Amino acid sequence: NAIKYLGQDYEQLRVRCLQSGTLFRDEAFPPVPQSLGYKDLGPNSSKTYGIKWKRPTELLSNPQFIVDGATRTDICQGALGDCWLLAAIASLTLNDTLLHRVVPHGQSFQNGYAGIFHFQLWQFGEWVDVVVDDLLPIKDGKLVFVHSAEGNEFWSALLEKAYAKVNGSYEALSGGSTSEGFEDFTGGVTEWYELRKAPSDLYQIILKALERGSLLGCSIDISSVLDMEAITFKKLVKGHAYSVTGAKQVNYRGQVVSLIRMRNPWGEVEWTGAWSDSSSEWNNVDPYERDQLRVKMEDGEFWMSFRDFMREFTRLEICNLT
């Protein structure tokens, strides 16, 4: 079983608050400026203007922990440079066993609610159970940091808060490497591929890793500080972590074409080239494969041919449990 982070015992704390008729207040990570950050999100920073702390039960009538599953569409980046972490969370949702360890299902804002939630994180070689109270940073009535596409779903906001807590602040998460999130969610180890010097069986490696439930991510190198977050003509984002979420071969124009699916953790802004949501390539695939694979939705998720993926992306990471 998990070690209790800072000795905090989720069930004992929840039970005490429920018996006291009160809501949990986390003395280890309070709703104070220092929990937001120290410089860019520091006390005298314009970027913290109007940010307040509110529980979901102070925001909406029927807040939910999980709605329609804990899935990758629940991961929509906010105003914090933690794309690496959010790509890791989205990839985690594809591994059902690890997802249910990291995110204890059954926590609720209704029955048994006492303003306290918990998550499991892999930290310094061990699983640890991290509690948070459910006060979250809000500006203009909306979550400022990660949020779900479902406006009344909070498991991912609370998971990001727990990750901030073990790092001391939200700002501590701004700028990072996806491998750290992958490993902190799985206990596995990340292998890095330079796509210019990829083995000839990389596609099969990707297929098998997705099938096993490994966590995969990819990115485009920057050439200078100016390329950071630059949006290309075909609406890829440079210096930005993507989740690799699928891979399938389809019959197309008399050949077998290998496709790969990835997801921008913004939850919006997608590739516009071949195999994009509205591209003409789907006209020439099997109608069942078209129905199984293609979703016409601005959700950050899209397909590319493996050939285009190797032309446009620079790096791939595969975090295997093994």
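The numbering used is simple: start at 1 and walk along the sequence shown.
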For 206 to 214 versus 155 to 163, entry-based mean Cα B-factors point to 206 to 214
Would you mind comparing 262 to 270 and 53 to 61 for me and telling me which has the higher average C-alpha temperature factor in the entry? 53 to 61
Kindly indicate the residue among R196, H118, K238, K235 with the greatest C-alpha B-factor in the PDB record. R196
For the listed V102, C76, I222, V128, which has the peak Cα B-factor recorded in the PDB entry? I222
Taking the C-alpha B-factors as the PDB entry records them, is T22 in the lowest, middle or highest third of its chain? highest
Check where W84 lands among this chain's C-alpha B-factors and tell me if it's the lowest, middle or highest third. middle
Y288 by Cα B-factor - lowest, middle or highest third of the modelled chain: middle
According to the PDB entry, is the CA B factor of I318 in the bottom, middle or top third of its chain, that is, lowest, middle or highest? lowest
Compared with the other modelled residues in the chain, in which third is the CA B-factor of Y38? highest
